[PDB]
Amino acid sequence: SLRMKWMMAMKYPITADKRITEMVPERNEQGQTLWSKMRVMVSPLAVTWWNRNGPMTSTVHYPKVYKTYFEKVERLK
Amino acid sequence: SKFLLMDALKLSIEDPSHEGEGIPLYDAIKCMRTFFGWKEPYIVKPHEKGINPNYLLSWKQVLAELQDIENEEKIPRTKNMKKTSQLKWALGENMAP
Amino acid sequence: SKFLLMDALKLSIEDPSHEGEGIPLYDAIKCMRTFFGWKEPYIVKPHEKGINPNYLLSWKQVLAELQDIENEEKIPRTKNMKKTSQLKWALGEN
Amino acid sequence: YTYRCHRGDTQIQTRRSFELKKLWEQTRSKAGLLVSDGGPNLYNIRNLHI
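Residue numbers (the entry's author numbering), protein chains in the order written: chain G, 44 to 81, 88 to 126; chain A, 280 to 376; chain E, 280 to 373; chain F, 557 to 606.
Pasting the structure below:
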């Protein structure tokens, strides 16, 4: 889709809630910005940063109803 | 001395194209891009005269202003820093009798 | 066809470094700077329709405008041509 | 190409390269990284339904 490959080339194409400010810093180590103020507009670098070093929770109730997919993986091996 | 001699290292751009004759600013930027491993800065030896947070803020401002070139319609030839509190203190612009 | 097939030749850039990521305009300028042997142009096969001096002036204007970037203090990312008589005739603005 | 997610051990320079490198050098089992963030592709004919 040409629409998708026209807004990933511009900064801040993703929307999130205001709680992102208290958890993700405005700038990273190299000095690249991660979000801007006028919901707020965020950058994919924020997603990568969260996946890199963010809060960790190890609850097991999240994959609760996902156990039907794991049966396929078990049967495939 | 003006520049330190024995305790210096270099960040090489290695080979440039033989026909490449350009502005020093972009050569410096290309040299900077080839390095990964920045961290959060902190002080290991104070100056025992002056304010060290000003030094930290100056380094951070230099890095941020070097990264913020992309927010410009036209590419500049030289970079002019913002006149900030820590830079004003460092350059001594407010101790003039 | 939109572009010719058998007759094309290229002005190469001779193995750019692995760290070279840039704008197409400056790549084109770098490719142009590697060639020497330009002379005064002249028409060798007319079109039998239309005005050919307009084509010659268009090519000359392209060369001059590409060579006339060093006078700008804030070099740009894209180049916009100037609206001239020959170019307006060629593009069929009227 | 569309989501600017190339592998960690690549020389392509984009705006997402720095954080992908940092994540790549931090992990231990690199085959468990998703493709969306600097990972290899393990899909084949036998895996298309998972």
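Virtual Cβ for every residue (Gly too), placed ideally from N, Cα, C.
For G/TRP78, does the count of other Cβ atoms within 10 angstroms reach 16, so buried, or fall short, so exposed?
buried
With a cut-off of 8 angstroms on the beta carbons, I'd call F/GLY564 and F/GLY594 a contact; round off their distance for me.
4 angstroms
Would you please verify whether the beta carbon of A/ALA343 is less than 7 angstroms from any beta carbon of chain G?
yes
So, with DSSP's three-state summary, where would you put G/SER79?
strand
Should G/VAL91 and G/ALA59 be called a contact, given that it needs their Cβ atoms to be closer than 7 angstroms?
yes
Could you tell me the boundaries of the beta strand (DSSP E) in which G/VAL91 lies?
89 to 91
Contact set between A/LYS318 and chain G, taken where Cβ atoms lie within less than 8 angstroms:
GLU72
Can you give me the C-alpha to C-alpha distance between F/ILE568 and A/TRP317, rounded to a whole angstrom?
19 angstroms
C-beta atoms of G/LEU94 and F/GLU581 nearer than 7 angstroms
no
Using only the alpha-carbon positions, how far apart do A/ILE330 and G/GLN75 sit?
26 angstroms
For F/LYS578, does the count of other Cβ atoms within 10 angstroms reach 16, so buried, or fall short, so exposed?
buried
Identify whether E/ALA287 lies in helix, strand or coil by the three-state DSSP scheme.
coil
Below-7 angstroms beta-carbon distance, F/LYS586 vs any chain A residue
no
Considering G/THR58, what are the terminal residues of the beta strand (DSSP E) in which it resides?
57 to 59
Under 7 angstroms, Cβ to Cβ, is there at least one residue of chain G near A/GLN365?
no
Return the first residue and the last residue of the alpha helix (DSSP H) that G/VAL122 is part of.
116 to 125
Interface flag, A/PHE315 vs chain F, CB-CB below 7 angstroms
yes
Where G/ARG62 sits in the DSSP three-state scheme:
coil
Helix, strand or coil, according to DSSP, for G/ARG70 in the structure here?
strand
Could you check the C-alpha separation between G/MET81 and A/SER296 for me, to the nearest Å?
43 angstroms
What does a CB cutoff of less than 7 angstroms around A/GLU300 pick up in its chain, not counting 5 residues either side in sequence?
none
Backbone secondary structure at A/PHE314 - three-state DSSP
coil
Say whether the stretch 346 to 354 of chain E touches the stretch 342 to 354 of chain A, bearing in mind that this needs 3 or more beta-carbon pairs closer than 8 angstroms, one atom from each stretch.
yes
Mind reading off the beta-carbon distance from G/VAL122 to F/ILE606? Whole number of angstroms is fine, and I expect it under 8 angstroms.
6 angstroms
From what residue to what residue does the alpha helix (DSSP H) around G/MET50 run?
47 to 50
Could you give the distance in angstroms between the alpha-carbon of E/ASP306 and the alpha-carbon of G/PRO56?
29 angstroms
In three-state DSSP terms, what is E/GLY329?
coil
Relative to the alpha-carbon of A/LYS289, which residue among A/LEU370, A/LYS281, A/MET311, A/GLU298 has its alpha-carbon at the smallest distance?
A/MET311
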